[PDB]
């Protein structure tokens, strides 16, 4: 299924990660798509199983969505089909345990690259969604934000004879459809202004808002350590925060099955399934 192959977890790494967490009172956590593979959502870059390893799916480019009605129709028809399954995924034990650490006052702040809403479903409050969330829709004309669930209803009224089955769900809820399968589909406009609606996610080629990025960096200034969970950090948007931790001289730990771009920066690396390991990390001696 969606989790990449990994050797049995090594208990000495687990013990090293524990010693790391025990020394932190204000943990800054970064997560990527690897935290959600145990929920049934594929990641992008896992050897063998990741969308880009195993398939020839290609990300939509920001520029193309913005400049082409036909691209927007393609994008939304696929998103439509994928939405009932994508929106139904549930948080796993890794999401839950990170929420426990927050409750315990040990997690200072968590940034995610994921768009799946799973940390929100788990109850994580001290959260930044770096790349947005597919559960939100924004208008490119007026910047009004609405719920993607409400858009589903609008798609059904506009496209009453639409059916296709959902095939190859991606980490952003996209499913494959052919250009002829999607050719007819009609996209609802903004109810306030009539402008073009976009999911409130940072597509390839877009950039994260600078004020938002700055505000996350501000949260980092109070942390005393960084943990990265389930990201290859091959995408600069995420890797810059590990670079920032190193500039702040924070110790860095990584819980990730494959290699990451920040491996060179880590004090501790646990190559294991995150859901196997996080439940064992304790916040109180026991």
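Residue numbers count along the first chain shown, from 1.
Q: Quick check on the record: does 225-233 or 43-51 carry the larger mean Cα temperature factor?
A: Averaged over C-alpha atoms, the B-factors run higher in 43-51.
Q: Report the stretch with the higher mean CA temperature factor, choosing between 247-255 and 26-34 on the basis of the entry.
A: Result: 247-255.
Q: Return the residue from 190, 94, 145, 169 that has the highest Cα B-factor in the entry.
A: It is 169.
Q: Among the candidates 197, 208, 98, 175, give the one with the maximum CA B-factor reported in the record.
A: Going by the entry's C-alpha B-factors, 175 comes out highest.
Q: How does residue 163 rank on Cα B-factor within its chain, lowest, middle or highest third?
A: Residue 163: CA B-factor falls in the highest third of its chain.
Q: Test of reading the entry: by CA B factor among the chain's modelled residues, which third contains residue 88?
A: Its C-alpha B-factor belongs to the highest third of this chain's values.
Q: Quick one: classify residue 62 as lowest, middle or highest third of the chain based on its Cα B-factor.
A: As the PDB entry reports it, the C-alpha B-factor of residue 62 lands in the middle third of its chain.
Q: Ordered by C-alpha B-factor within the chain, which third holds residue 103? Give me lowest, middle or highest, please.
A: It belongs to the highest third of the chain when residues are ordered by C-alpha B-factor.
Q: Can you work out whether the C-alpha temperature factor of residue 154 puts it in the lowest, middle or highest third of the chain?
A: Lowest third - that is where residue 154 ends up once the chain's C-alpha B-factors are sorted.
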